[PDB]
Amino acid sequence: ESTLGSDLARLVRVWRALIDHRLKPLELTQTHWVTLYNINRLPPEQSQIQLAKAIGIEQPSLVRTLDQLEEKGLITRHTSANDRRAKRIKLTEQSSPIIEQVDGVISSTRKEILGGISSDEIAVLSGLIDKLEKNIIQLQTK
Amino acid sequence: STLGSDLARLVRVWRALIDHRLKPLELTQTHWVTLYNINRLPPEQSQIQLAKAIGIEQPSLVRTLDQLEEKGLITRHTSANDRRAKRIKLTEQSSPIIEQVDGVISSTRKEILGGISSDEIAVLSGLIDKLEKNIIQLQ
DNA sequence: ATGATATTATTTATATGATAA
DNA sequence: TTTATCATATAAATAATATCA
């Protein structure tokens, strides 16, 4: 029998693990580098719900992670001028060289991994990922 | 490209759809994945390797095993040949439980792959293999 | 020299217990 | 509040060398 879904979970596990290994010198947890990775790529005006989903933890879990990152001095959480229940999540000046380390491993690691496959594979695969995700979310609505 | 982030999102939404369809069963995500893998694999397979199939470390598998044993869903009889090795297998009372879990996993996989073509599935399958192997080469 | 074992280190299998996510 | 995790503990099988009535 196919165990395709499980095989896909394993692939993501080992991809993450490889990145986590390469980042071993920063001494950050995986939720930490994944959180910082996503804060950098996502606008500060965006809500915690939207940040939490991209990262893959729940909203309350994100609050705990953001607490840790603020104590470390890597982010600030300041109230927005246009909406007073919303807070902008911004990387601090001093995080800049850490973000460079995380982004570089992530990017290099992807290039190395996808460097071992055909354009057809990459394209067919990239499109399917979007399609299957699309289907599941619909099924979840049903 | 965010292909890693993309794959990770797919994985999580797919698991969450299975979890949702299994809700009335009131098993934690960790329990139902473990039950599924215990049923899939030979009992001779190690605890380190069972954890590998599941996606967890062995201390996390041990407490999960205690809980499942608590519920009388699994036994861990100590191997008569190797007094430090154990035999993990489902009980008879877990028979209708695994039938549920397996049922939902197979039906959901078969459903998710609907609408997509034969050579597209062949790529998803062939690339999990190649990329995992290539990631295993690194590290 | 013999068997009977004993002494120590290595590796493999599983388990626990403080905390940290 | 569970829940999982890190660095450990038992513990049995593995194996190399050593000791004696």
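Chain letters run A, B, ... following the sequence lines, proteins first, then strands; residues in each count from 1.
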Side chain to side chain contact (heavy atoms under 4.5 Å, CB included) partners of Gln101(A), counting only residues at least two apart | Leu26(A)

Contacts of type side chain to side chain contact (heavy atoms under 4.5 Å, CB included), residue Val105(A), not counting sequence neighbours | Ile19(A), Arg22(A), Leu23(A), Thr109(A)

What residues, two or more places apart in sequence or in another chain, satisfy side chain to side chain donor-acceptor pair (under 3.5 Å) together with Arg9(B)?
-> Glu133(A), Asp6(B)

Heavy-atom pair of closest approach, residues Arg88(A) and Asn82(A) | NH2-ND2, 3.7 Å

Closest approach of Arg16(A) to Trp33(A) (non-hydrogen atoms, all atoms of both residues) = O-CZ2, 4.0 Å

Give a yes or no on whether the backbone of [Y] and the side-chain of [X] come within a donor-acceptor separation of less than 3.5 Å.
X        : Y        : answer
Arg77(A) : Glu70(A) : no
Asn40(A) : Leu36(A) : no
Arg83(B) : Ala80(B) : yes

Which pairs, with at least one residue in residues 25-50 of chain B and sequence neighbours excluded, count as a salt bridge (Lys or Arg N to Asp or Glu O under 4.0 Å)?
-> none

Name all pairs fulfilling the salt bridge (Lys or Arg N to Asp or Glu O under 4.0 Å) condition that reach into residues 55-65 of chain B, sequence neighbours left out, sorted by first residue then second.
-> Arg63(B)-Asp66(B)

From the 5' end of DNA chain C to its 3' end, which nucleotides mark the outer limits of contact with chain B, defined by a 4.0 Å heavy-atom distance cut-off (strictly under)?
-> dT12(C) to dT16(C)

Contacts satisfying side chain to side chain donor-acceptor pair (under 3.5 Å) that involve residues 91-100 of chain A (not counting sequence neighbours) are none

Residues from residues 11-32 of chain A sitting under 4.0 Å of DNA chain D, heavy atoms only?
-> none

With pairs defined as Watson-Crick or G-U wobble and both distances under 3.5 angstrom, please note down DNA chain D as a dot-bracket string, | for pairing with another strand.
-> ..||||||||||..|||||||

Would you list the protein and nucleotides 8-10 of chain D atom pairs, both N or O, that sit under 3.5 Å from each other?
none

Dump the intermediate steps for side-chain hydrogen bond (donor to acceptor under 3.5 Å, both in side chains) on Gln49(B) and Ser46(B), then the final yes or no.
-> CA-CA 5 Å; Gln49(B) 281 299 90; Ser46(B) 61; 5.2 Å; no

Group every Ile, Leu, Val, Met, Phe, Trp and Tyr by side-chain heavy-atom contacts under 4.5 Å, then state whether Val13(B) and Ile49(A) land in the same group.
-> no

Mind checking whether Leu42(A) and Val63(A) sit in one hydrophobic cluster, side chains of I, L, V, M, F, W, Y counted as touching below 4.5 Å?
-> no

Could you list the donor-acceptor pairs under 3.5 angstrom formed by side chains in residues 134-142 of chain A, with sequence neighbours left out?
residue: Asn135(A); atom: ND2; partner: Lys131(A); partner atom: O; Å: 3.4
residue: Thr141(A); atom: OG1; partner: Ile137(A); partner atom: O; Å: 2.9

Outcome for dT8(D) when its sugar is typed by the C1'-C2'-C3'-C4' torsion = north

Quick one, which residues of residues 59-69 of chain B touch DNA chain C with a heavy atom under 4.0 Å?
-> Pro59(B), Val62(B)

